[PDB]
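Here's the structure we're looking at; comments come further down.
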Amino acid sequence: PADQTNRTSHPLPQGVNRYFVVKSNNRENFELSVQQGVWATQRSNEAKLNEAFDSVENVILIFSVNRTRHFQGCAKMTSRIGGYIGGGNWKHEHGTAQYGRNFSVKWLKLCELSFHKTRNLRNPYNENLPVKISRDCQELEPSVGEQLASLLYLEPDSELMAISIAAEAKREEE
RNA sequence: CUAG
């Protein structure tokens with residue numbers, strides 16, 4: 001009874017964060033990311049994630065699979081792109097849009113956040129369009145990013161959350 | 001990217 005209420009997701013790190021919407025063409029890659037703690041983006045996006053990674057303590061990546069009408073969670077970018085990381089043999093069609101280098105992520109919160117529920121939120125960095133209209137690695141104006149992440153934390157954990165925590169712990173035993 |  002001395003034990004604090006134990007938690008099943010990681011809270012949004014405190015401090016000065018930047019926020020990017022990350023898009024996947026398919027669930028398979030997103031699920032692989034969750035099992036392995038790894039992502040890779042399009043080559044053209046790598047310098048901008050590295051610029052964010054160098055600039056602030058936490059780069060928060062809010063994921064959404066194309067066409068699912070939902071956000072699926074948020075991760076912290078935990079390594080700079082460049083440098084061997086490993087994992088992630090990714091699915092893609094006839095070699096097109098071939099992905100860049102794998103980097104580490106830590107899944108903070110996994111859930112299914114409907115776009116309906118984000119419909120009053122717009123992003124000044126993308127012409128004040130609703131945040132659902134976000135290409136891969138579009139930056140969220142940071143006050144809007146913090147609002148969008150806060151909506152994620154209102155949703156119940158999806159089944160992937162515990163999958164993530166388990167995989168994360170397994171990688172920790174070294 | 002969102003919509004079909």
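Order determines the names: the first chain of the structure tokens is A, the second B, and so forth; residues in each chain are numbered 1 upward, and ligands are numbered 1 upward as they are shown.
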
Query raised in the report: Taking the backbone alone, and naming residues the way the document does, which bits of chain A are strand (DSSP E or B) by DSSP, as a ChimeraX atom specification?
Result: /A:17-24,38-39,42,58-65,70-77,99,103-114,122-123,129-130,138-140

Write a file of the selected residues as a compact mmCIF listing (two decimals), in the first residue's frame, keeping N, CA and C atoms.
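As written to disk, out_30.txt reads:
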# COMPACT_ATOMS: atom_id res chain seq x y z
N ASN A 17 9.33 20.75 -25.80
CA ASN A 17 9.22 19.68 -26.78
C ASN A 17 8.93 20.28 -28.16
N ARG A 18 9.26 19.54 -29.22
CA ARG A 18 8.67 19.80 -30.55
C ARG A 18 7.97 18.55 -30.93
N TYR A 19 6.98 18.71 -31.81
CA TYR A 19 6.02 17.69 -32.18
C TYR A 19 5.90 17.61 -33.69
N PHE A 20 5.96 16.36 -34.21
CA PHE A 20 5.85 16.09 -35.65
C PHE A 20 4.84 14.99 -35.84
N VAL A 21 3.97 15.12 -36.84
CA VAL A 21 3.13 14.02 -37.28
C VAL A 21 3.94 13.11 -38.20
N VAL A 22 3.94 11.82 -37.91
CA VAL A 22 4.64 10.82 -38.66
C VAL A 22 3.57 9.95 -39.28
N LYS A 23 3.67 9.74 -40.60
CA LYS A 23 2.69 8.93 -41.36
C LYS A 23 3.31 7.58 -41.83
N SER A 24 2.52 6.50 -41.76
CA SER A 24 2.84 5.18 -42.38
C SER A 24 1.77 4.75 -43.37
N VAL A 38 11.91 1.23 -32.92
CA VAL A 38 12.67 1.68 -34.06
C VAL A 38 11.77 2.26 -35.11
N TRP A 39 12.22 3.29 -35.81
CA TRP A 39 11.54 3.79 -36.97
C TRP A 39 12.55 4.17 -38.04
N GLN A 42 11.26 8.77 -44.60
CA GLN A 42 11.71 9.05 -45.96
C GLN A 42 13.01 9.81 -45.88
N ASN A 58 13.23 16.85 -26.20
CA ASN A 58 12.29 15.82 -26.62
C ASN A 58 11.59 16.16 -27.92
N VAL A 59 11.74 15.28 -28.89
CA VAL A 59 11.02 15.32 -30.10
C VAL A 59 10.00 14.24 -29.98
N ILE A 60 8.76 14.70 -30.02
CA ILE A 60 7.60 13.84 -29.91
C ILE A 60 6.98 13.59 -31.29
N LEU A 61 6.93 12.32 -31.68
CA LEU A 61 6.39 11.86 -32.99
C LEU A 61 5.02 11.27 -32.76
N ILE A 62 4.00 11.92 -33.31
CA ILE A 62 2.64 11.50 -33.24
C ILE A 62 2.30 10.75 -34.51
N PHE A 63 2.05 9.44 -34.40
CA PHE A 63 1.89 8.54 -35.53
C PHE A 63 0.50 8.45 -36.01
N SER A 64 0.36 8.28 -37.28
CA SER A 64 -0.91 7.98 -37.86
C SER A 64 -0.74 7.19 -39.11
N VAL A 65 -1.38 6.02 -39.16
CA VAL A 65 -1.42 5.21 -40.39
C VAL A 65 -2.38 5.83 -41.46
N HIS A 70 -7.39 7.86 -37.99
CA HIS A 70 -7.02 7.90 -36.57
C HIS A 70 -5.50 8.25 -36.42
N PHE A 71 -5.15 8.79 -35.24
CA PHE A 71 -3.81 8.75 -34.70
C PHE A 71 -3.71 7.53 -33.82
N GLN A 72 -2.54 6.87 -33.81
CA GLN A 72 -2.31 5.65 -33.06
C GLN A 72 -1.37 5.82 -31.85
N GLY A 73 -0.81 6.98 -31.64
CA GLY A 73 0.08 7.16 -30.46
C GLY A 73 1.18 8.15 -30.69
N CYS A 74 2.08 8.20 -29.72
CA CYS A 74 3.21 9.08 -29.74
C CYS A 74 4.43 8.39 -29.12
N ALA A 75 5.59 8.73 -29.70
CA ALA A 75 6.92 8.22 -29.32
C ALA A 75 7.87 9.36 -29.20
N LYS A 76 8.87 9.20 -28.36
CA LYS A 76 9.98 10.09 -28.31
C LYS A 76 11.06 9.57 -29.28
N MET A 77 11.61 10.45 -30.10
CA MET A 77 12.80 10.14 -30.90
C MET A 77 13.97 9.99 -29.94
N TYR A 99 13.24 3.69 -47.64
CA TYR A 99 13.34 4.43 -46.37
C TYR A 99 14.78 4.68 -45.99
N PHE A 103 16.26 4.68 -36.84
CA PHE A 103 16.64 5.32 -35.57
C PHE A 103 15.75 4.83 -34.38
N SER A 104 16.19 5.04 -33.16
CA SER A 104 15.44 4.62 -31.98
C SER A 104 14.27 5.53 -31.67
N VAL A 105 13.22 4.90 -31.20
CA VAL A 105 12.10 5.61 -30.62
C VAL A 105 11.68 4.84 -29.38
N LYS A 106 11.07 5.55 -28.43
CA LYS A 106 10.42 4.97 -27.26
C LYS A 106 8.96 5.34 -27.33
N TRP A 107 8.11 4.32 -27.46
CA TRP A 107 6.68 4.51 -27.49
C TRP A 107 6.16 4.95 -26.15
N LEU A 108 5.49 6.10 -26.13
CA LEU A 108 5.03 6.68 -24.88
C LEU A 108 3.58 6.27 -24.62
N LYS A 109 2.73 6.35 -25.62
CA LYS A 109 1.36 6.13 -25.52
C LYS A 109 0.86 5.55 -26.81
N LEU A 110 0.16 4.46 -26.71
CA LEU A 110 -0.49 3.82 -27.84
C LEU A 110 -1.99 3.71 -27.64
N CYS A 111 -2.76 4.10 -28.63
CA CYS A 111 -4.21 4.25 -28.48
C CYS A 111 -4.84 4.43 -29.86
N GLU A 112 -6.15 4.64 -30.01
CA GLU A 112 -6.75 4.97 -31.29
C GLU A 112 -7.51 6.26 -31.14
N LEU A 113 -6.95 7.35 -31.63
CA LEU A 113 -7.56 8.64 -31.47
C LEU A 113 -8.18 9.04 -32.81
N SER A 114 -9.49 9.01 -32.85
CA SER A 114 -10.23 9.39 -34.04
C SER A 114 -10.01 10.85 -34.43
N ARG A 122 -6.33 23.01 -35.32
CA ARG A 122 -5.63 23.36 -36.55
C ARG A 122 -4.19 23.73 -36.31
N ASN A 123 -3.36 23.55 -37.35
CA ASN A 123 -1.91 23.76 -37.30
C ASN A 123 -1.45 25.00 -38.13
N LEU A 129 -4.62 24.49 -41.49
CA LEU A 129 -5.43 23.35 -41.83
C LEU A 129 -5.63 22.42 -40.58
N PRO A 130 -6.72 21.63 -40.55
CA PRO A 130 -6.96 20.75 -39.42
C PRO A 130 -5.82 19.77 -39.29
N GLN A 138 5.36 16.44 -40.94
CA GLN A 138 4.88 17.82 -40.77
C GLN A 138 4.99 18.23 -39.27
N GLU A 139 5.67 19.33 -39.03
CA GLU A 139 5.79 19.87 -37.66
C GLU A 139 4.46 20.48 -37.19
N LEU A 140 4.09 20.22 -35.94
CA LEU A 140 2.96 20.88 -35.33
C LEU A 140 3.51 22.09 -34.60

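Every protein or nucleic acid residue with an atom no more than 7 Å from region 165-168 of chain A, counting only C-alpha atoms (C1' of nucleotides) and leaving out same-chain residues fewer than 4 positions away, appears here: residues 35, 36, 161 and 172 of chain A.
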
Output N, CA, C and O atoms of each residue in that selection to a file, as a PDB file, in the first residue's frame.
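The new file result-v7.pdb reads:
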ATOM      1  N   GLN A  35       7.061  -3.191 -31.734  1.00  0.00           N
ATOM      2  CA  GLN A  35       7.765  -4.377 -31.212  1.00  0.00           C
ATOM      3  C   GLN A  35       9.262  -4.119 -31.040  1.00  0.00           C
ATOM      4  O   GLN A  35       9.880  -4.650 -30.130  1.00  0.00           O
ATOM      5  N   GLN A  36       9.842  -3.280 -31.896  1.00  0.00           N
ATOM      6  CA  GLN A  36      11.295  -3.088 -31.913  1.00  0.00           C
ATOM      7  C   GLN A  36      11.804  -1.780 -31.370  1.00  0.00           C
ATOM      8  O   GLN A  36      12.974  -1.665 -31.156  1.00  0.00           O
ATOM      9  N   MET A 161       0.049  -1.095 -26.447  1.00  0.00           N
ATOM     10  CA  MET A 161       0.763  -0.439 -25.339  1.00  0.00           C
ATOM     11  C   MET A 161       1.557  -1.431 -24.500  1.00  0.00           C
ATOM     12  O   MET A 161       2.749  -1.245 -24.274  1.00  0.00           O
ATOM     13  N   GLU A 172      15.932  -4.005 -22.438  1.00  0.00           N
ATOM     14  CA  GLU A 172      16.664  -3.546 -21.264  1.00  0.00           C
ATOM     15  C   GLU A 172      17.484  -4.641 -20.566  1.00  0.00           C
ATOM     16  O   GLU A 172      18.593  -4.349 -20.138  1.00  0.00           O
TER      17      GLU A 172
END

**Report entry** Spatial neighbours of residue 3 (chain B), 12 Å, only C-alpha atoms (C1' of nucleotides), chain gap at least 3 places, as a ChimeraX atom specification
**Finding:** /A:66-67,69,132-133

Requested in this report: Provide the CA of residue 40 (chain A) to CA of residue 90 (chain A) distance in Å, to one decimal place.
Outcome: 8.6 Å

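Here the DSSP assignment of helix (DSSP H, G or I), based on backbone atoms, applies within region 74-144 of chain A to residues 115, 116, 117, 118, 124, 125, 126, 142, 143 and 144 of chain A.
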
Expected file contents, prior selection, C-alpha atoms, as a short mmCIF file (atom, residue, chain, number, x, y, z; two decimals), in the first residue's frame:
data_model
loop_
_atom_site.label_atom_id
_atom_site.label_comp_id
_atom_site.auth_asym_id
_atom_site.auth_seq_id
_atom_site.Cartn_x
_atom_site.Cartn_y
_atom_site.Cartn_z
CA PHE A 115 -9.79 12.44 -36.31
CA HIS A 116 -13.41 13.41 -35.43
CA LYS A 117 -12.08 14.11 -31.97
CA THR A 118 -9.32 16.38 -33.29
CA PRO A 124 -0.49 27.33 -38.10
CA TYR A 125 2.59 25.64 -39.56
CA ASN A 126 0.47 23.99 -42.23
CA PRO A 142 4.14 23.41 -30.47
CA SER A 143 1.14 24.60 -28.53
CA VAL A 144 -1.06 22.74 -30.96
#

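The shortest atom-to-atom distance to residue 1 (chain B), with only C-alpha atoms (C1' of nucleotides) taken into account, belongs to A:131 out of A:131, A:163, A:152, A:169.
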
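Among the candidates A:6, A:89, A:26, A:134, the residue lying nearest to chain B is A:134 (atoms considered: only C-alpha atoms (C1' of nucleotides)).
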